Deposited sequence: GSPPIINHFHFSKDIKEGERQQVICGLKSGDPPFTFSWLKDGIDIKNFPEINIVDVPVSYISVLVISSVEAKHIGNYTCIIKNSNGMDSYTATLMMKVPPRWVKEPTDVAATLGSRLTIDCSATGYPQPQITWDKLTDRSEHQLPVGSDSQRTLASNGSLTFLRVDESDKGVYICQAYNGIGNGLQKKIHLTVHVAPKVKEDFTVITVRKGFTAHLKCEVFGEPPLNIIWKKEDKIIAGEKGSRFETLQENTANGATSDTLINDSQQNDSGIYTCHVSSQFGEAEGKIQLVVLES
């Protein structure tokens, strides 16, 4: 009689680490038998991390997978053949992974005119889809952002602004979904901020020799602002005062007793998280 096969199945909620064994046994049929395994039409000898245990004395053969990586997903077929015919049965290895964050987005503070790039990554099986929705406080409604002119969404869901504008403020949301679970969703607040600017590009300070020369450098910006003075690309150690204000700060620094080798140009450099600026103040000591 031809062989008939006992239906077999893989576990239900399979996870990457787990092992899996499926037994191909007989209902009926006269020996001798020959067992044979396939995965999606390819023979199982190919995949060596899969090895099959066969005990033909007991009329069975077992497929084993010691650790199920998602490549194992697919259809596995066992074929039993004798000198009267063959039976076969296929079982499906199924696996689902809901999204987990790779790169969560967070609240962002962007520089106007800069080229911002927010990242938002996630992983799972299938590979999750990353979508951005901005919240319009005209009625707190979601509207998908998308790759406009002056905007971009790269291969991996990274939202990139070409020139940041006051238009691009408020709260945004990226959403990772692959069909498993509800997915992920992250709401972030974008705020726009202005790069610092020295009020005056370059001012002349002229004095007679040997006086308390008084330098000046107020700058516009958002606190904090950290100002460093220089001469010919060397730091000034001399006495320096740095009083703050609201729209920035002013730096009043003075050099006591002037010299003709000190006469030249100086550099008021300011640094911040939103940019950096430089004013070059020049000094000449007349007789």
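- No C-alpha positions are given for the deposited-sequence stretches 1, 239-244, 295.
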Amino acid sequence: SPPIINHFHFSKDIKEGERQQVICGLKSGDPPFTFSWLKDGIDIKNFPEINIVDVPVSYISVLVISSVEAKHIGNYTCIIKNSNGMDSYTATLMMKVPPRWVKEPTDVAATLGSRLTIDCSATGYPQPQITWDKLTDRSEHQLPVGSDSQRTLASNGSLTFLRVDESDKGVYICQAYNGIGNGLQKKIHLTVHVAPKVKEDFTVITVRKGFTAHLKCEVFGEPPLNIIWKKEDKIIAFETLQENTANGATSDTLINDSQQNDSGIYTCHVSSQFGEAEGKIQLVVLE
From here on, numbers count along this sequence of modelled residues.
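- For the segment pair 6-14 and 270-278, the entry gives 270-278 the higher mean B-factor, averaged over Cα atoms.
- Mean CA B-factor, 125-133 versus 160-168: the higher value falls on 160-168.
- Residue-level inspection of the entry shows that, of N178, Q142, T117, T77, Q142 has the top Cα B-factor.
- Based on the entry's C-alpha B-factors, the most elevated value among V68, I60, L254, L225 belongs to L254.
- In the PDB entry, a CA B factor belonging to the highest third of its chain's modelled residues is recorded for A213.
- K45: CA B factor lies in the middle third for its chain, per the PDB record.
- Sorting the modelled residues of the chain by their CA temperature factor places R138 in the highest third.
- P196: CA B factor in the middle third of modelled residues in this chain (values from the PDB entry).
- Compared with the other modelled residues of the chain, the Cα B-factor recorded for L38 ranks in the lowest third.
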